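J.: Chains as they are written, first to last, in UniProt numbering: chain A, 764 to 847, 851 to 867, 875 to 905, 910 to 1297, 1299 to 1393, 1402 to 1494, 1496 to 1664; chain B, 2428 to 2596, 2599 to 2782, 2786 to 2867, 2872 to 2924, 2936 to 2992, 2996 to 3051, 3054 to 3183; chain C, 3329 to 3586, 3608 to 3677, 3682 to 3744.
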Amino acid sequence: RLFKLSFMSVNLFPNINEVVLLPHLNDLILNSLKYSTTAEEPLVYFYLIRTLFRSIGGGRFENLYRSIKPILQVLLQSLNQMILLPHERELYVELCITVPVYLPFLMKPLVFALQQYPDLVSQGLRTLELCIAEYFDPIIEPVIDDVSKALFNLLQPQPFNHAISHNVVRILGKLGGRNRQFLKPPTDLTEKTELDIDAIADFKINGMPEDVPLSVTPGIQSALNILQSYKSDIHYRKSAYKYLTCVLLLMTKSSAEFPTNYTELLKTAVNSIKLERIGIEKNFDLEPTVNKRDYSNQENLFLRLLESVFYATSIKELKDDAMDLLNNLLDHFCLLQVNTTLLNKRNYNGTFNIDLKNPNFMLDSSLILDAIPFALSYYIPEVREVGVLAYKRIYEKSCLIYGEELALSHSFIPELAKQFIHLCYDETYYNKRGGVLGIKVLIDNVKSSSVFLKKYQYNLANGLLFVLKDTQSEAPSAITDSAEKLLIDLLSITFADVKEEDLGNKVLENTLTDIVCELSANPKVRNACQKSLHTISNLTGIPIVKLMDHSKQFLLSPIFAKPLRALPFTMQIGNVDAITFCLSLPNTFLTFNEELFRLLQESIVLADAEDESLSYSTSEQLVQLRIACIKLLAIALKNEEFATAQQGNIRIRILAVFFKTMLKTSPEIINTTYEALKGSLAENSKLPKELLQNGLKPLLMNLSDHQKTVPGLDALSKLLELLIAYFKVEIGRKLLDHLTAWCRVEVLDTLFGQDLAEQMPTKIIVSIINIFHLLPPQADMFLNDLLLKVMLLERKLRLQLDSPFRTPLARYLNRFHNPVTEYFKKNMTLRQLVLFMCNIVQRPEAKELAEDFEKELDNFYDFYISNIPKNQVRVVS
Amino acid sequence: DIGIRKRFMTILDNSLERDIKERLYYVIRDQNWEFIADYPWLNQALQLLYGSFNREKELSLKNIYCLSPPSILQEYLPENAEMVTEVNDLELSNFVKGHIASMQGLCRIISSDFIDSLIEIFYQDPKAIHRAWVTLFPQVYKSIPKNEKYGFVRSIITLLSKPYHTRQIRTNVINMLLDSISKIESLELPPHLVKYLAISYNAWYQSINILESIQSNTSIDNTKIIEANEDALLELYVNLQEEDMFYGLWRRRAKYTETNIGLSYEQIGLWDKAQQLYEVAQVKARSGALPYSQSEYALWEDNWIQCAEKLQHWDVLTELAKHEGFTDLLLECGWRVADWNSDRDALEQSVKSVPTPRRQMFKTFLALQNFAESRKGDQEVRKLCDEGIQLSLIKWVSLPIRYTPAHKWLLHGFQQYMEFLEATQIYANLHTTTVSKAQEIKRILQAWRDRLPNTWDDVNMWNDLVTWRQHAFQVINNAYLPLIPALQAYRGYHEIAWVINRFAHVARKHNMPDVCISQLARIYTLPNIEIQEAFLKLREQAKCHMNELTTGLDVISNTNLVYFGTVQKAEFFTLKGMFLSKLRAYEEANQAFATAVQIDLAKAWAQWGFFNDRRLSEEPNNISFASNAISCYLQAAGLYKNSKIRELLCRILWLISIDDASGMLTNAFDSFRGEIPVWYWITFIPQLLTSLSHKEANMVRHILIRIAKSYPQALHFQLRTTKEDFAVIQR
Amino acid sequence: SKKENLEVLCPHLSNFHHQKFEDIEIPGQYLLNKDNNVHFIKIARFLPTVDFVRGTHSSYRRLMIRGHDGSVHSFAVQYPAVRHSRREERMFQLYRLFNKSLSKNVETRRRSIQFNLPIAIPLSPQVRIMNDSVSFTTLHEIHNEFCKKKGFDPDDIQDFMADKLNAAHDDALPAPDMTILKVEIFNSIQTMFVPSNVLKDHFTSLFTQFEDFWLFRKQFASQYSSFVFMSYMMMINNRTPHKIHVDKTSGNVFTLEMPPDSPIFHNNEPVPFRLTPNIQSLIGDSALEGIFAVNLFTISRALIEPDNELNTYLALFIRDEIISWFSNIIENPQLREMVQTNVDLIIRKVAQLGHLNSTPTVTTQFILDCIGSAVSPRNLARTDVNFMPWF
């Protein structure tokens, strides 16, 4: 509501600026989604964005969003499909509202929305209408079938809203030439699913000539519809259960006889399952038809008639009998599945292609087993929580009735495994997450008997492999977080026992080779790849030496086989970053990559202006590529003898590019480049050419005259960390008058009303005073010059109790502590300057200054008490 | 309230029999309450019918492709028999107790319990009930006695009659029963036209299934009943505007010979030929043919009306309408008459008299046309006249659910009603501002010049808008006509020529070109004699074009001007050459036709190529052939893109195929190397591979190089299938 | 089984599809001819749930593909076949090219003609990817399912049809050995084996609302119109219920597998076209007899109407098809002679269903009579039992 109150602001006085919002504006939503991607109840963060969108337009602030828009759009559309719940459809559908202009991508959900709610209907009605005196002619909009499907279904006269019709007419008749101009012969006949096709039961009545059969369960569509619906009467809900309670029961209740001499016979079958090579009878016998989709129709009933119940049990007020049935259902269905495994043992021990028996015409709980755990990848994660209790009570009863046999390994898992493997391969956000939680509860009761881990080795690794790879950025990272956590534990329990370079036979050899071949795609894929690599190398013996020796054979070719000027560098020099993740091992192909060096020289020497720079995503990748190139060039010089003596100082040419990185002027680039050149480069040599000079002197002329800015002053600041004697220390005192030149009182005249933070000279002045934090240590003239100019500004600012310079004071007294305490005792009279320190000393950066003044206090407590007869008014001061 | 609903119905439930055939009769007669606005208590009636259902608890059947056996497959693999005896692992024994005890408790199910369940389910379950009555209500008809069944069938048709009083009102109540009655396996003995009028009550198409079923169902009860059911369904398929059933059904229901022959002759659109065929059908219907029924007159009757309605001669149709016109006089009021009072008496007569919104549409129409004609007299009741659209909407939710072409008309008028009120302010402000504005009206005029229907839609429709357009264009003239002599549209509202020239292309298309003469005659007396309407009219007169061609030369000799563009006339000159070469006069025609394009600087140029190629088709000698082909493909290079230029290339490709090793024609092709064919030339490309493989790939190498250049990925996939096979067959 | 992990069965994602990129144009969505690829679709991400289904004659593997559009235009997979493909690719080109002109006319497009032959892309010289999606079945599936709705072994009919035929040779000595027996056997077929209206039966349970069966009536004429005009004008001869796939939600008809100058489908060895009676019993007695003739007549008139458009287009296909047939030998005039000789032959055969000249026949008689002639149970019994015409 604060933000909602904040939202109404520039609406309420549009003379009060949107320029107030304008810089924080386009920053906000992009971070908001970024935080929404990061959040742990993000629909809230989504809920703000609508409202913040919900009051704009007619105050011309279009041009700000003109970079931002497709990022929002493409993600929203991808979210829009992914929503898959309820309001988030409509909310994302309401988020289709935007400020005007273009894009058919917006046109895709419109018809999805223009009947997705009554609610939206007025809005998008304006949209296509306004989309229909200008270049609004060439509309090829072929979802026009479904657009026709909604729009004619929209028009309904009754008491419907008299305007709601009145738009719809003005819509439809506006294009009569386009009315049926692509209307189609109807192409959804679309009927007779087995959500419909019930059967009959031989009922009875008190007038009847015979046991007149009555068709049970026509209500299934509505019986599904009523129960899952929120607003049910509890009686109505209970009946929706109770009607379904007879129903899927009766799908096998008539077949639910309790066999008497089968418990020994299944124990005999347990001995017969303990037997193997159990050959079958001599049959080349017959077989009827199937048309097993009609059986799957009957299955998809019992699929849905079951998956309803788990999706009903987790709902409140009726879980009690539900789980009891569900326990009893598992009590029946698993036992029949064991008989079905024995039936699958009768349906086993085939030899070679001759014949078999294959009896027909029954049903079994195999798909019924296969369904509901694969249906645990749903919404309402209490149903996902009961899905944990499934595979628990499954593997409970699995070891209860067959133990830890390989026949017991045959009995339950591979059904649940391969589906969970295939579900891991699947392509929905909500579908994929249900596998991953399933993988964990699997991993508890499977690591004991890890022959399935021997079975699923290159399998389940490859399942993890795409899982981080393929899943899109719509998801919150918690699935990707739950990914690597089980996965490191997976590569743990895999590589927990074999720890030599000796047990390297087949499966882990194939698995690690994919892990090596994965190392090249997404940075989040790239990042935990090395983390899984350098840790798996760290334990179990064979380090990144041995493992990336196999990768050294694997990465000797594509480091030059898919060449540069193509093969996009982020993954590509990510492989060199993987070779930089192999550079901590001794052998990383640690010389002879002059093809990799010289092309990357041209990759950085590709100019950021008047060049391939006219074509936010291209900006982000050119940020990413230049950062990757600046890292890989710097690591190449930093690599052991790879470019330290190769061509002499390749680092200095990389420092020339690092100087060009300083002119590249991106702070996020400059922070990486400064910290790489500080924390990973060490060169102390000479570059006295104009390359140092045309960076050095024009940047100060850029700040003093061209006012350029916050990166530009920070470039020469980081140069002052780097280039020792960036000479003429008085140029900063000349910059100080130049800072005074840029801080004439016209900005103070501009300061009448406006926020001083928004004062870009004050934004310049903060950066200017940030620079003299690390001036050469003759900051004695700094004590004379700036402090007066700060106070003379501050009274001209009419400011108190809060400074722009809270840090530049804090660094300067830290660095200059001797003239600090000197001038402090030397300025022992005046209160205003004293308070300026008294605030700044409260600021905690300089800490030795405080104890120094704590020493000087008892000196000054005398010295002012000495100074007691001085003025009798300033004495009171 | 759940208890209040249940107990009040229970009081009705216990105070009843358990005798279904009585109770169904007690349902079918012995309460016939309306409860009309919501629902039936067919819910409660099925419960009342379940009052006679036994409260049993067995309820089984064997057809779900039933489940696993308890012990059969546990006794079907008999090899390795342990069969242990008092040596049970307790995990086997404890589990075997529980699920059998779980089998002992859980399977408790009754039929009356589910009957209780589905009832409260049906408390909020509409579509289940539509499933529900179709389930039970046929099976109740089994246990019924034959005599009372005939009485119940009367009682059911009487039960069809009693909500035929109750106006219950796309949600099915009757239709709920009706389709539940439709699959009752032919137990509806008279109700042929009874269903026919019942069809427009609500939900057409569920009924029409029952009707076409009886016409196949073999019953001789009357051949009249065979004829009657034939009549009623012949209405309903025509009632839903479905054409091919109607001209389909009667042509397979014919008696007279021209009746069969005319029916096909009309439905294809050969409307003039049907009229004479119906005429001799009528003269023979002045008959000795005794058994003629009301079809053969009335089918012949409105056929005369439709033939009158179609082309022209509306005055003679008004002469036909004089002693006639149930509303054809009001359709003759649709013929152009701006006499306000005479229509007003007609309108008030017409407004006195579920179809005909066109009544209320016309009632608005002249009243709108009058209100602005009193120049800025009114517009407010025209906004009240938008309520006519509000009634007009009630149609488009009555009968269909899909887009049955009932819509295809009902949209076309729903287009107009807005176009009227669109014009209304557009009229009044024009009356205001004339009392700049030439441009502002040129917006809404070009807009209504734009919003024009589909070019193959319906001849009646495209006429009816062309009518309503010019009537506004009259008032458009009628404001412009005094004001320019009042001052002294720079010169001439030439607007309706666009409605004229368009209908001309439509008339040549929809194939009755007599009205194309009738429209072109009306074009004569007009202002705006300057070049712009002249360039439209020469485009109109060429669209208006042996005896007809020599009159075109007679049109060439003295008519409008020779100051205008000669390319249009040279197109007529080469078409006169195309008429001249139609008489096989090749050389005089083509040289004029080559000169006609040479003055023009192209559809004639391709046609003159095509004529010279038709001359090449007649002349297998290459001399005419290579002369035509380089000219024609270059004329095809002159031909427009985004057309059937592809087939023009295709014959040219066939002609390049048809070269049969002539020689030197490709040098003519390479010199006349043409601009971009590629995206149009993209479809014949796999063929273009094989001939370039076969022979003479000179310009074909010139063609395909640029082709793969700007078309990757379509060149790629097939040729990767192809060229890898090609050299492997070559080697 | 029916499905397995497709691209997961590849480690391609880290060696070659570690260069998965470039988001290629939708496969063959330039073949459905238009001007230029304005907004032609781009394939984005292969679905992983591949399906492999096996029909009565063959097997098919299926591959969904949800693209940058985002809807599964699931092209299916055909294992390598023979130069019939190089023929059938050429033919499917040809009948496409007229279909836009079929839309160009008035009453065809006002009644929705739309010839509708599907797309199919070969990618290797080996492998052929047809654009076959789910839920489009063919009749022999139903025809066996009809027999297997019962216990009726269709071979047991085929043996019994063969049984009485050799029994005709034995007891007495008739001269119309085929004719009396096929009159007897088709009756005996309609006695004990497949009667008609099985086709009416199965498809009536197929939709759920009868207006959709009434819809399913309306389409199933309109496609099966075009099979006839495809049959006669190509002079196709072999039609079998495992060669006409029908669209069980839309209603189209997908038909695969389709001197005297080596007449390779030039003359037709039995006279009529396909009008099978169980299919006729589902055809809807009035309305298909109402529509389909009116359909083919409209097809007859409008397509033949414009200037040489049949001809120059047939100049493409026929001059090709003969050069294929003679290679199955060439000549510079004799081909062009046999071109124009056959070109006149088909165009006159096109005009055989042409018109009535001055005396008004009610229909196109050669349509109207052959409507009876294909309906005629003699000429229907006259052909072989290959086409399962007992059904």
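Here a beta-carbon is modelled for each residue, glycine too, at the ideal position from N, C-alpha and C.
Got a sec: which bits of the region 3622-3645 of chain C sit with their beta carbon under 8 Å from any beta carbon on chain B, in order along the chain?
T.: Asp3634, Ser3635, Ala3636, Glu3638, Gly3639, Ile3640, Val3643
J.: Identify every run of the alpha helix (DSSP H) within the region 984-1061 of chain A, keeping only runs that are complete inside it and at least 4 residues long; order them along the chain.
T.: List check, alpha helix (DSSP H) in window: 997-1005, 1011-1030, 1040-1051.
J.: Is any beta-carbon of chain C found at less than 8 Å from that of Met2959 (chain B)?
T.: As a working mapping, residue 2959 (chain B) is identified with position 512 in the second sequence. No, because no Cβ of chain C sits closer than 8 Å to the Cβ of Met2959 (chain B).
J.: Let me check one thing: in DSSP terms, what residues is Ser3387 (chain C) bridge-paired to?
T.: The residue given as residue 3387 (chain C) occupies position 59 in the third sequence. Beta-bridge pairing links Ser3387 (chain C) to C:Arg3382.
J.: For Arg2594 (chain B), is the classification buried or exposed, using 16 other Cβ atoms within 10 angstroms of its Cβ as the cut-off for buried?
T.: Numbered from its first residue, the second sequence carries residue 2594 (chain B) at position 167. The residue is exposed, with fewer than 16 neighbouring Cβ atoms inside 10 Å.
J.: Is the CB of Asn3343 (chain C) under 8 Å away from at least one CB in chain A?
T.: Here residue 3343 (chain C) refers to the residue found at position 15 of the third sequence. Output row for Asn3343 (chain C): interface = yes.
J.: With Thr1045 (chain A) and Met2510 (chain B) assumed to form a contact (beta carbons below 8 Å), what rounded beta-carbon distance in angstroms separates them?
T.: Taking the first sequence and counting its residues from 1, one reaches residue 1045 (chain A) at position 268. Taking the second sequence and counting its residues from 1, one reaches residue 2510 (chain B) at position 83. At roughly 5 Å, the Cβ-Cβ gap stays under 8 Å, so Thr1045 (chain A) and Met2510 (chain B) are in contact.
J.: Step through the CB atoms of chain F and report whether any lies within less than 8 Å of the CB of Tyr2835 (chain B).
T.: The structure shown has no chain F; the protein chains it does contain are A, B and C.
J.: In the DSSP assignment, find the unbroken alpha helix (DSSP H) run with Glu2998 (chain B) in it and report its ends.
T.: Walking along the second sequence from the start, residue 2998 (chain B) turns up at place 548. Segment 2997-3008, the alpha helix (DSSP H) holding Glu2998 (chain B).
J.: Less than 8 Å separating the beta-carbons of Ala3078 (chain B) and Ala3120 (chain B)?
T.: Numbered from 1 along the second sequence, position 626 holds the residue referred to as residue 3078 (chain B). Numbered from 1 along the second sequence, position 668 holds the residue referred to as residue 3120 (chain B). Yes, the Cβ-Cβ distance between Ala3078 (chain B) and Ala3120 (chain B) is below 8 Å.
J.: For a test of the three-state rule: what should DSSP assign to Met2850 (chain B), helix, strand or coil?
T.: As a first step, residue 2850 (chain B) must be located in the second sequence, where it is residue number 418. Residue state, collapsed to three classes: helix.
J.: CB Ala2804 (chain B) to CB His2742 (chain B), shorter than 8 Å?
T.: Counted from its first residue, the second sequence places residue 2804 (chain B) at position 372. Counted from its first residue, the second sequence places residue 2742 (chain B) at position 313. It is not a contact, given that the beta carbons lie outside the stated cut-off.
J.: In angstroms with no decimal places, state the Cα-to-Cα distance between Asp2516 (chain B) and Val1047 (chain A).
T.: The residue given as residue 2516 (chain B) occupies position 89 in the second sequence. The residue given as residue 1047 (chain A) occupies position 270 in the first sequence. Cα to Cα, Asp2516 (chain B) sits roughly 11 Å from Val1047 (chain A).
J.: With a CB to CB cut of under 8 Å and the five nearest residues on each side skipped, what residues in its chain are close to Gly1519 (chain A)?
T.: Position 732 of the first sequence, counted from the first residue, corresponds to residue 1519 (chain A). Beyond the five residues adjoining it in sequence on each side, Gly1519 (chain A) comes within less than 8 Å, by CB distance, of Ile1558, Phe1559, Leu1562 in the same chain, given in chain order.
J.: How big is the Cα-Cα spacing for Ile3447 (chain C) and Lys3432 (chain C)?
T.: For the purposes of this step, residue 3447 (chain C) is identified with residue 119 of the third sequence, where counting begins at 1. For the purposes of this step, residue 3432 (chain C) is identified with residue 104 of the third sequence, where counting begins at 1. Roughly 21 Å separates the two Cα atoms.
J.: Is the Cβ of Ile2584 (chain B) closer than 8 Å to any Cβ of chain A?
T.: What you label residue 2584 (chain B) is simply residue 157 of the second sequence in a count that begins at 1. No, no contact with chain A.
J.: Out of B:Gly2763, B:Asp2757, B:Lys2795, B:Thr2756, which has the shortest C-alpha to C-alpha gap to residue 2785 (chain B)?
T.: Between 2782 and 2786 in chain B the model has nothing, and residue 2785 (chain B) is one of the residues in that span.
J.: Cβ of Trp3674 (chain C) less than 8 Å from any chain B Cβ?
T.: On the third sequence, position 325 is the one that residue 3674 (chain C) refers to. Interface residue (Cβ-Cβ distance to chain B less than 8 Å): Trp3674 (chain C) is not classified as such.
J.: Considering Cα atoms alone, identify which of A:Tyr1155, A:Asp1649, A:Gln1541 is closest to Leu851 (chain A).
T.: Start at 1 with the first residue of the first sequence, and residue 851 (chain A) comes out as number 85. Selected option, being the one with the closest Cα: A:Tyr1155.
J.: Residues in the same chain with beta-carbon distance under 8 Å from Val3696 (chain C), minus the five sequence neighbours each way, listed in chain order, please.
T.: Working through the third sequence from its first residue, we reach residue 3696 (chain C) at position 343. Cβ within range, chain order: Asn3660, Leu3663, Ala3664, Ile3667.
J.: Mind checking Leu1317 (chain A): buried by the 16 CB within 10 Å criterion, or exposed?
T.: Taking the first residue of the first sequence as 1, we reach residue 1317 (chain A) at position 539. The residue in question, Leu1317 (chain A), is exposed, as its Cβ has fewer than 16 Cβ neighbours within 10 Å.
J.: Quick check: what's the CA-CA separation for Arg947 (chain A) versus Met2850 (chain B)?
T.: Locating residue 947 (chain A) in the first sequence gives position 170, counting from the first residue. Locating residue 2850 (chain B) in the second sequence gives position 418, counting from the first residue. Roughly 7 Å separates the two Cα atoms.
J.: Residues in the same chain with beta-carbon distance under 6 Å from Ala1442 (chain A), minus the five sequence neighbours each way, listed in chain order, please.
T.: The residue given as residue 1442 (chain A) occupies position 656 in the first sequence. Correct list, in chain order: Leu1477.
J.: Just the chain C side, please: which residues come within less than 8 Å of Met2674 (chain B) by C-beta, in chain order?
T.: Locating residue 2674 (chain B) in the second sequence gives position 245, counting from the first residue. Result: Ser3635, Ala3636, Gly3639.
J.: Closer than 8 Å, Cβ to Cβ, to anything on chain C: give me those residues from the region 830-846 of chain A, in chain order.
T.: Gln844
J.: Please identify, using Cβ separations under 7 Å, the residues of the region 1039-1072 of chain A that lie next to chain B, in order along the chain.
T.: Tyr1039, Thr1040, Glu1041, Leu1042, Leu1043, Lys1044, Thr1045, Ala1046, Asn1048, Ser1049, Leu1052, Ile1055, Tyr1072
J.: Can you pull the chain C neighbours of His1199 (chain A), defined as C-beta to C-beta under 7 Å?
T.: Residue mapping note: residue 1199 (chain A) aligns to position 422 of the first sequence, counting from 1. Here the neighbours are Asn3333.
J.: If you drop the 5 nearest sequence neighbours on each side, which residues of the same chain put their C-beta closer than 6 Å to that of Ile1436 (chain A)?
T.: Working through the first sequence from its first residue, we reach residue 1436 (chain A) at position 650. Excluding positions up to five away in sequence, the list reads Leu1423, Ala1429.
J.: Which residue from B:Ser2442, B:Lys3147, B:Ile3137 puts its Cα closest to that of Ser3109 (chain B)?
T.: Counting from one through the second sequence, the residue named residue 3109 (chain B) turns up at place 657. Check the Cα spacing between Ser3109 (chain B) and each of B:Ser2442, B:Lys3147, B:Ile3137: the tightest is with B:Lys3147.
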